[PDB]
């Protein structure tokens, strides 16, 4: 019986036997209700791609917790040079960790790491399919609509986190199409409202996806559900 908390933008914290955080953009995240000090003990950090609003505080959280960062090969190379413990994977690959299974899923996006004024290659972007005690969480990362999402329908995902903010990621209309492709038991919208460029009508998303038969739960930053 784990606690899954949305912390704003794309930050998702999973508290169970082990504690896992995805795309830990805490410092400088204007809708994040906690500071780094407010986080619990962290065991794993999952990073979907290199962009700073996802990579976030991964280095500091990992070092302060002796946590392992799970990401693609190229991002882990970058982090390794920062003195961070990593477990590299790549797109479509999966591994069984002490807490459960992680699979990196395809995304259509980019994965540059901005280090000073230099854009470093951070592999290709992903999402994560996480299986813990028979329960499945999908975090799509940053992505546009892609037919690769149809590969997830047979998984019978319990909770799918989908970006709806538009411009850099799917807007509301395409995220509805994604929800229909994936057919999760519940969908949670994310990556909206953080800046005005990614404003989204989240109430309209909930209304439209529920009309297609998929339950939607709107989590404000700091709110949680149990799996």
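Residue numbers count along the first chain shown, from 1.
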**OP:** Report the stretch with the higher mean CA temperature factor, choosing between 90 to 98 and 113 to 121 on the basis of the entry.
**Re:** 113 to 121
**OP:** Would you determine, from the values in the PDB entry, which of 33 to 41 and 54 to 62 has the greater average C-alpha temperature factor?
**Re:** 33 to 41
**OP:** Could you look up the Cα B-factor of residue 133 in the entry and say which third of the chain it sits in: lowest, middle or highest?
**Re:** highest
Subject >> residue 163, C-alpha B-factor rank within chain (lowest, middle or highest third) >> reply: lowest
Original post:
Against its chain's modelled residues, does residue 144's Cα B factor rank lowest, middle or highest third?
Top reply: lowest
**OP:** Give the position of residue 15 by CA B-factor within its chain, expressed as the lowest, middle or highest third.
**Re:** middle
**OP:** Taking the values exactly as deposited, rank residue 191 by C-alpha B-factor within its chain and report the matching third: lowest, middle or highest.
**Re:** middle
